[PDB]
Structure formats: C-alpha cells, structure tokens
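The chain below stands alone and is given as structure tokens, in the form solved without the named molecule.
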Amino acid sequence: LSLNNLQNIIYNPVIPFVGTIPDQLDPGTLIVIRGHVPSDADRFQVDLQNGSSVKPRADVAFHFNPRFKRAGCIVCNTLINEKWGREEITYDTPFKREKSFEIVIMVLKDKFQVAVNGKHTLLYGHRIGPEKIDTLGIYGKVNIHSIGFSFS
C-alpha cells in the first residue's frame, strides 16, 4: 500500500534516537522506518512516546521490540506511569540479522497496524490515546537508514 508524501526525512540518524514527531498521529497517518540489525544484535526497539522525560520515565503508547534470539519474535507493550503492561508477543516475525527492513506503522482509529517490506506483520490495539504521542524513540543495536512521516 501507498508510502507517498513522506516528509521530515532523516537519513542515518544516531542511535539512540529521540525525536519530536512533526504533527499529530491521527488515524491515517504513518511512520516509515528503514534499517537493519548487525550480526551481533539480539534486539532493538521503536517507541511512540508521550514526551522525552527520563525521570519520570516518559509514557510509551507503543513499544515495538523485535528480538532475534533463535527463531525470533516481536514483543509489543505499553508503559504507563513507569510500569510496563502485559506484553503481546508475535512469533511469526520477518526480521533477520543483516536483512534490511522497511517498517511501516500506520495509526488506525482503534489500533496500530505494522507492515514490514510491504507485508502485514501485526496489529496492536491502542491503550493510550494516540493524540498523546509526540515523540519517536529508537534504541538498541540497530542501524537506522531513514525515518519519515506521512501526514498528508
């Protein structure tokens, strides 16, 4: 599906990345993240955050965490009031070490949908109102090639 009109593009960002999202994540908006993990990576994470506070720890509406140990998985969760919720684990994962990915996170009314390299990966229902997200965090052993946004 369509990745047209990507704006505010950043190439080769330094990791850890913590950036202000340039507009509100309304239903229909998307975030596109391209990258790969190196051969010594076990995991990395993308977080859609309310702010960038370290203490107290900023709330994370959507934590998306591929883990590469043996057959692999993706863990999704939410952090509210400095506490992690109950994780949702997806075992059918497209991620592999040294294999590049295009992650598309699309905000829908009731959930996020995530696709990788043009194929559906998972769904994650909203636990925090998406209007409260203003910060993108990327952490861990990951080489990010680019970040872009679609708001139009």
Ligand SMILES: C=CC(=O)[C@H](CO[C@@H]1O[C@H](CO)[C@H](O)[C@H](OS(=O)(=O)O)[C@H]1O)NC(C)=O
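Start at 1 and count along the sequence shown; that's the residue number.
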Higher-B stretch (mean Cα B-factor, as the entry records it), 135-143 or 15-23: 15-23
For the higher mean C-alpha B factor in the entry, choose 25-33 or 54-62. 25-33
Tell me, lowest, middle or highest third: where does the Cα B factor of residue 97 rank within its chain? middle
Residue 39's Cα B-factor: lowest, middle or highest third of the chain? highest
Divide the modelled residues of the chain into thirds by Cα B-factor and specify which third, lowest, middle or highest, holds residue 108. highest
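Here the subject shifts to the form deposited with the named molecule bound, a form of this protein not shown in this document.
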So, a 4.5 angstroms cut-off on heavy atom distances: do all three of 101, 117 and 146 pass it with respect to the named molecule in the deposited bound form? no
Go through 50, 90, 45, 113 and name the one with a heavy atom inside 4.5 Å of the named molecule in the deposited bound form. 45
Does the named molecule get within 4.5 angstroms of any non-hydrogen atom of residue 97 in the deposited bound form? no
Interface membership of residue 29, the named molecule in the deposited bound form, 4.5 Å heavy atom rule: no
Heavy atom of residue 57 within 4.5 Å of the named molecule in the deposited bound form: yes
Spell out, yes or no, whether the shortest heavy atom distance between residue 126 and the named molecule in the deposited bound form is within 4.5 Å. no
Within 4.5 Å of the named molecule in the deposited bound form, counting any non-hydrogen atom, which residues from 69-88 show up? 75, 77, 84, 87
